[PDB]
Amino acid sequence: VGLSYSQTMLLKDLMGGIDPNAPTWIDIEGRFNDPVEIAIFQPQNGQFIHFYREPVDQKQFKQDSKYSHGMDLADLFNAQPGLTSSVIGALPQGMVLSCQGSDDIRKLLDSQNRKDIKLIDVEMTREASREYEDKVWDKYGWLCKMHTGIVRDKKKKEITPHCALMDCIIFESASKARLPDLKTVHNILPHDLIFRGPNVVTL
């Protein structure tokens, strides 16, 4: 379906937690046209938005699963449709978003008619990536148990998967030379908005 009216009213309220002037990270898995996991993280307060999307192109998903995110199609069948378009639509106006590699994000933001949003492509050395990847996945990896597959590189070497939320925390760590010390870190989105149990139908 899409987001229902009440779901959209809730979303409006939850997005009230997002500080529009706060420095903010964004990362996705999948392509701008077919993203399967979105994460928006505000390090200052530790608030983040994190959800999933079932892929349209099943073949590419499987390949993107074996070589980057390692996700499973079965875990995505219940993701609430409309979330990507509604969270990107609900983002405040003129928000400055930080990312790693602006190319994929800009295309998605543009295809959702959100050109008002400026992007900060932050550069990150592979050395700095290797440093915090393991530290982040240990302190904060309980937030996403969705990467249950083996990801290998061109050289068939098994590698740590990418998580978008974990990628955001890694990015913040590298940009700050300090893994963030955050007491409270939480998703503004409830589990019943991210996933779909009962059925609602639009007209």
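Note that residue numbering begins at 1 and tracks the sequence as displayed.
In this crystal structure, the stretch out of 71-79 and 86-94 whose C-alpha atoms carry the higher mean B factor is 71-79. Higher mean CA temperature factor, per the PDB entry, when comparing 132-140 with 154-162: 154-162.
When the C-alpha B-factors of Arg178, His50, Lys145, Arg53 are read from the PDB record, the largest value belongs to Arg178. Among all modelled residues in this chain, the alpha-carbon of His186 has a temperature factor (C-alpha) in the middle third.
Ranked by Cα temperature factor within the chain, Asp116 sits in the lowest third according to the deposited record. For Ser65, the recorded CA temperature factor ranks within the highest third of the chain's modelled residues. The PDB entry assigns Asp34 a C-alpha temperature factor belonging to the middle third of its chain's modelled residues. Per the deposited record, the Cα B-factor of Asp57 falls in the highest third when ranked against the other modelled residues of its chain.
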